[PDB]
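Structure record follows, encoded as structure tokens.
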Amino acid sequence: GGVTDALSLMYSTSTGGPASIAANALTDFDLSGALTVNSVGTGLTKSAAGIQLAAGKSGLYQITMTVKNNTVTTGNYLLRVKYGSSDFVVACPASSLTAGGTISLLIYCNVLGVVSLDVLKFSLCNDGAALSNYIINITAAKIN
Amino acid sequence: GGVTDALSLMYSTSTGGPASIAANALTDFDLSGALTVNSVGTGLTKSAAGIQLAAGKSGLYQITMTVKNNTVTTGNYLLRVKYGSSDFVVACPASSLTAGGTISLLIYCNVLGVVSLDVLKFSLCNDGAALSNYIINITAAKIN
Amino acid sequence: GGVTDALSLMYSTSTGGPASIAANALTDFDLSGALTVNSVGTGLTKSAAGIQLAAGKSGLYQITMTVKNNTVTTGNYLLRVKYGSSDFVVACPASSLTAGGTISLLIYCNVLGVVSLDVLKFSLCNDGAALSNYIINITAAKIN
């Protein structure tokens, strides 16, 4: 029961994020300064590159990244998660009622045992405006 | 193997939902009358407020809410899930082929032991028309 | 710890997919030729119909289907997953930064013990152009 490894982070201008996330561009997030909301095991850890997967941790991972930036209600929020040669994306139309976006994924991750390569990379933006009032949550859990 | 708590519901005009979900607005759903499709354990239960998390159930939760309302193929379906001070959203462009939307999340939930506060709240609508022919499925499972 | 059954596939023109996925239409995918990236247990297997659920495997399933087709950056990527009488959809606006889409679901699956009926069906397209340079990943795991 439960999972062997998991990491949940809260990313904001106050907790490790850029003072302003540029519009219409996807630059991977430095998560070293992110606030750890919950941590399980030691297989998943935050770093300047994203979320590191410890050696020997190949398997299935459930990942979710969400964002709310209530002061930006136009354009589309673009979200992206990368691991190795794979990248996953989604675009979420903004509105006052939905001032943000969400991306969730269940994927298989092969861990080579090379720290700089075995890392989940995260990024998002709004295609029409910079974000400087965002609350981003990133959670990853090894389910097998 | 398996999860300790889970709840899967089917929400419609015949099973607890409003006769008509207003357009372009997000009013949290009363799930007391929702049809229970599957239930595991007793940590997650349906209520007029949404889905209650029993005391002592802090942890990671996988959540999914989907909707199909085939007679509304225009505008954007707006979906929202809330827990405590956090809210998660997504907008899904409608079409005849995709007359609805989907929102899935893996999040950490802190349970304070205050029933009225420890509740997952759900809501959705179409930003251009009311929904009165919808099939909404909401499933939550505690994975850690 | 871990899941009892899971299947992760990589679908492309080189690994079982159509030479060209027609625009604005959703025809279920023949996954018999998909590349198996990871397999756990024997409850979930690829077939010409989609992903078969073995008899006695009723329960909760976490499903994700993603697509990247970098040469198609316009219109909306439409994704759909079906099981029995239920269908789940999402539309994802394309862009150069998000040339694809994502759909993830946690749903309850009742297995009748009728192979042709107990199958997860998958489909996607772009509503404005055919796809002939796609990398589609489909992963399903029985979590309870």
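Per-residue mean of other chain beta-carbon atoms within 10 angstrom of the beta-carbon, peptide B:60-68? Intermediate results must be reported in sequence, preceding the final value.
Details: counts 10, 2, 12, 3, 9, 2, 10, 2, 4.
That works out to 6 on average.
What is the mean number of Cβ atoms from other protein chains located within 10 Å of the Cβ atom of each residue in peptide A:76-88, rounded to a whole number?
Values: counts 6, 4, 4, 4, 4, 2, 0, 0, 0, 1, 5, 7, 10.
The shielding value for this peptide is 4.
Can you spot the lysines whose alpha carbon is less than 24 Å from A:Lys57's alpha carbon? Ignore those fewer than 8 places along the same chain.
Once the sequence-local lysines are set aside, what remains near A:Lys57 is A:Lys46, A:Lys82, A:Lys121, A:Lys142, B:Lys142, C:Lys142.
When every alpha-carbon pair in chain A is counted, what percent end up more than 28 Å apart? Mind showing how you got there, number by number?
Details: 1594 of 10296 pairs.
Value for chain A (Cα pairs over 28 Å): 15 percent.
Please compute the net charge surrounding C:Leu79, taking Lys and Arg as +1 and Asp and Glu as -1 over other residues with Cβ under 14 Å from its Cβ.
Details: positive: B:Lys68, C:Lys68, C:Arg80, C:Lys82, C:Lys121; negative: C:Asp28, C:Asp87, C:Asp127.
In short, +2.
For chain B, what does the relative contact order come out to in percent, with C-alpha contacts under 8 Å and a separation of six or more?
Numbers: 396 pairs, mean separation 53.4, N = 144.
37 percent.
With a ≥ b ≥ c taken as the square roots of the eigenvalues of the C-alpha gyration tensor of the protein assembly as shown, please select rounded if a/c is under 1.5 and otherwise prolate if a/b is larger than b/c or oblate if it is not?
Working: a/c = 1.07, a/b = 1.00, b/c = 1.07.
It comes out rounded by the Cα gyration axes.
Within 10 Å of each Cβ in peptide A:109-116, how many partner chain Cβ atoms are there on average? Round it to a whole number, please.
Going residue by residue through A:109-116 and averaging, the value is 0.
Tell me which B residue has its C-beta closest to the axis rotating B onto C, and the distance in Å?
Per the Cβ-to-axis criterion, the result reads B:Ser104, 2.
If you place +1 on the Cβ of every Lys and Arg, -1 on the Cβ of every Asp and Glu, and leave all else neutral, what size is the dipole of chain C about its Cα centre, to the nearest 20 Debye?
On the way: 7 positive and 6 negative charges, 29 e Å.
Using only the charged Cβ atoms, the result is roughly 140 debye.
Enter the Cα centre distance for the pair the range B:98-130 and the range C:22-63, rounded to the nearest angstrom.
Computed from Cα coordinates, the inter-centre distance equals 28 Å.
Which distances, in nm and shortest first, link the A:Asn133 label point to the same label point in every other copy, taking 7 Å along Cα→Cβ?
4.0, 4.0
Inter-copy label distances at C:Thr36, 7 Å along the Cα→beta-carbon direction, one decimal in nm, shortest first?
Result for C:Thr36, in nm, nearest copy first: 3.8, 3.8.
How many nm separate the modelled label positions at B:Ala54 and B:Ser12, each set 7 Å beyond the Cα in the direction of the Cβ?
3.0
Sort C:40-48, B:99-107, C:95-103 by packing, meaning the average of other beta carbons within 10 Å per residue, with the highest value first.
Details: C:40-48: 17.7, B:99-107: 27.2, C:95-103: 22.8.
So the order, starting with the most tightly packed, is B:99-107, C:95-103, C:40-48.
Between copies, how close do the A:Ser12 label points come, placed 7 Å along Cα→Cβ, listed in nm from shortest?
4.2, 4.2
Just so you know, all these numbers are worked out from the coordinates, no wet-lab data involved. Backbone-built Cβ (ideal geometry, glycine too); neighbour counts: all protein chains shown.
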